[PDB]
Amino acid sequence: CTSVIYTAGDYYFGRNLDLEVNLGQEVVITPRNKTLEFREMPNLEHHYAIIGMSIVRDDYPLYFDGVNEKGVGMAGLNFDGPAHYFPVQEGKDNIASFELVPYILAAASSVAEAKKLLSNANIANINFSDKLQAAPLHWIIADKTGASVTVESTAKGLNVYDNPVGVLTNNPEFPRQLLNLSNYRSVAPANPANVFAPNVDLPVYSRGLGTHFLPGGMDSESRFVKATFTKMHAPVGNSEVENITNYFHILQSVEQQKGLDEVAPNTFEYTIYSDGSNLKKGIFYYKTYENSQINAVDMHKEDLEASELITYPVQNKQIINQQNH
């Protein structure tokens, strides 16, 4: 998985979900008056409206990622190994891993408020059910000011790190992942000057040599570096349509194609979907691996004062424009 905030125009947040099987994901709008229950905290009877990619069990929106009406975005990304959840702790705001995205998107109007909400929190080892055990995750939170943080619960406890690049992938822990970027300081979009052998003619035989050492692997560190470079050098678009076009090109740079990331015999981790939302306008856009046409769900076309989840199925059939006849 790879999640980014693209800081152009209204600003755009979302993620690639990389996995070897589909999950039953659908587009879910949680309206302001849908009651959100929590295992160790008060229920939220009224809260911010949410739109995102989710599964639904027992009428609960188990979000993979989403954005709320106040311009806050959040995504949960696989974190298998470092992730550690703790027993319920007296005097701490105890949040199950499956509750964290619904809770923050319901309650926080900014990254700054999300930090306050997490300042006395504990990610508790609470399973949704016997069928759905807690999965190892970490999270990125971003908002329409451009701010973002990385939330990791590990053996050390709960850490909320400023995220200066607005990117997150999988392992390792965030300080290690961020430090690795320093190894790539010399990589650039423009052709490098010859500092290797300055008094020797070393012909520039190809365009693009500025990115000769840019990683293109399927692994988590490679994708973190390549996605950071791609988002940091993305254009400033003119329109909203240009900006969402540019956004998906960022995510596409670290898409995992089928066949390239083998996790078991005949089994490959690939980008099952890519989504991104306009943070100011609450428009959710997504593509699936099987359909290249972008789909848009505008949360404000719905009844955000409703009290039941509103859902749409992901359009996963390739829609080809038959241009001639």
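The first residue of the shown sequence is 1; numbering continues from there.
- The stretch with the higher mean CA B factor, choosing between 183-191 and 126-134, is 126-134.
- Stretches 245-253 and 88-96 differ in mean CA B factor, with 88-96 having the higher one.
- The PDB entry assigns the greatest CA B-factor among 170, 239, 177, 230 to 239.
- Comparing the C-alpha B-factors of 150, 145, 211, 222 in the entry, the top value falls on 145.
- Among the modelled residues of its chain, residue 321 has a C-alpha B-factor that falls in the highest third, as given in the PDB entry.
- Remark: residue 166 belongs to the lowest third of its chain, ranked by C-alpha B-factor as recorded.
- When all modelled residues of the chain are sorted by CA temperature factor, residue 198 is found within the highest third.
- Looking at the C-alpha B-factors along this chain, the one for residue 38 belongs to the highest third.
- Among all modelled residues in its chain, residue 18 ranks in the lowest third by Cα B-factor.
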